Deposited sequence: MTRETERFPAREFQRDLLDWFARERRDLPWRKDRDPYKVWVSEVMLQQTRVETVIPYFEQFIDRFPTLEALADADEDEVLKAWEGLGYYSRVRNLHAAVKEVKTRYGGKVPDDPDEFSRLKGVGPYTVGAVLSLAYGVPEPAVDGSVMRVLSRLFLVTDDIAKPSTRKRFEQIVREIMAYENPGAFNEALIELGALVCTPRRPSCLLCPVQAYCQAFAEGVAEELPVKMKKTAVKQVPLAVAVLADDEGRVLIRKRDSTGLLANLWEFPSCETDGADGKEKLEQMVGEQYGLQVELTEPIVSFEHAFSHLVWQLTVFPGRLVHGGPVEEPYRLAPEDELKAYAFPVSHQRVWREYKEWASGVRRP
């Protein structure tokens, strides 16, 4: 029904000619392939490249990552977003070392069991690093296959991904699965792009039903994103006479987990300075707050923070208890802060000067 060999030949030959020389493509070490694949989840290649180089220089082997402190690993991810990815990777490499002696499982079922590894990552790492013929369907590959085969099912449904995986299992080049899987990904990045695909240059134009019917710009089908909640947030920047600043570590469950922040309160529409003073008072801390110096927004995928920054002076009436920490200005650089709170500090320092 489908001329698989003709398709594979046109695809893999194109790939050998156009493949980009990306940093994680220098070899097939499973640890390096796995790190790159996790960083690339909902993150563009050009964004990842500098993070990857810095991460692998700090954590050159799987055992190095496993043996590192969680705060050092989070700092190496700082700014990349979706920070549970790195907490899950860190737990997963620890299990690979403790349990499997440091060798990344080559069994799909075993690799699939590690935290942060789902169907795409299983297929990506095992096909590239070990030759295992598991499909590696990400959103780009879903777009490619939805066009090639004129599939109009919503690609957000998990069932749709399962259908695409079966398609790949039938058309795959079982002789070189890693190259086949990489080539579909590279086709989606360089040719079969979300808007204005370059169908006239495409190596597999011969086999594309969407091109035949003239509807490539209309695939894949995907539900429009649900609007997000708006969340007002009040943030205190508190310094003592010696210049040190009060920061606190977020809880390990939920939004921006285990990152550091300036003390803050979801006002839920209430007065900021009032609610902020109640919260700090609950702790050795005597604090008087200033009028707000700036307000700005910060987007997440699922909500938007509306931040207002309030300066204040801290006088020590007791010890600073966890989760809080008193940090000299010169030491703040050592802590991993979300981008929102990086901006809080930037705005505080511009106002001060």
*Deposited-sequence segments unaccounted for in the coordinates*: 1 to 6, 290, 361 to 365
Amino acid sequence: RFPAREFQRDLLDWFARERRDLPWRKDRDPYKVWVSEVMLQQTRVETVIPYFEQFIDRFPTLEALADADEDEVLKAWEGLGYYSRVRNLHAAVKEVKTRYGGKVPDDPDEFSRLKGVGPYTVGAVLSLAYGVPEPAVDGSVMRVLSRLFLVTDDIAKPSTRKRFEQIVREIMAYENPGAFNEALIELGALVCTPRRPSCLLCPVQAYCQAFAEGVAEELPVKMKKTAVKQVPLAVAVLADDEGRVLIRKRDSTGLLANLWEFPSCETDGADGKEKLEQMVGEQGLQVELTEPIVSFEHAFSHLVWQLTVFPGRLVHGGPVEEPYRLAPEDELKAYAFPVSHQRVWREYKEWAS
From here on, numbers count along this sequence of modelled residues.
*Higher-B stretch (mean Cα B-factor, as the entry records it), 170 to 178 or 67 to 75*: 170 to 178
_218 to 226 versus 88 to 96 - which carries the larger mean C-alpha B factor in the record_ = 218 to 226
*Among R143, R248, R161, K275, where is the Cα temperature factor highest, going by the PDB entry?*
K275
*Which has the highest CA B-factor per the PDB entry: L190, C208, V122, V231?*
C208
*Within this chain's modelled residues, let me know which third the CA B factor of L256 belongs to: lowest, middle or highest.*
lowest
*Sorting the chain's CA B-factors, does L40 end up in the lowest, middle or highest third?*
lowest
*If you rank every modelled residue in this chain by C-alpha B factor, which third holds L62: lowest, middle or highest?*
middle
_Third of chain Cα B-factors occupied by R20_ = lowest
*Give the position of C202 by CA B-factor within its chain, expressed as the lowest, middle or highest third.*
middle
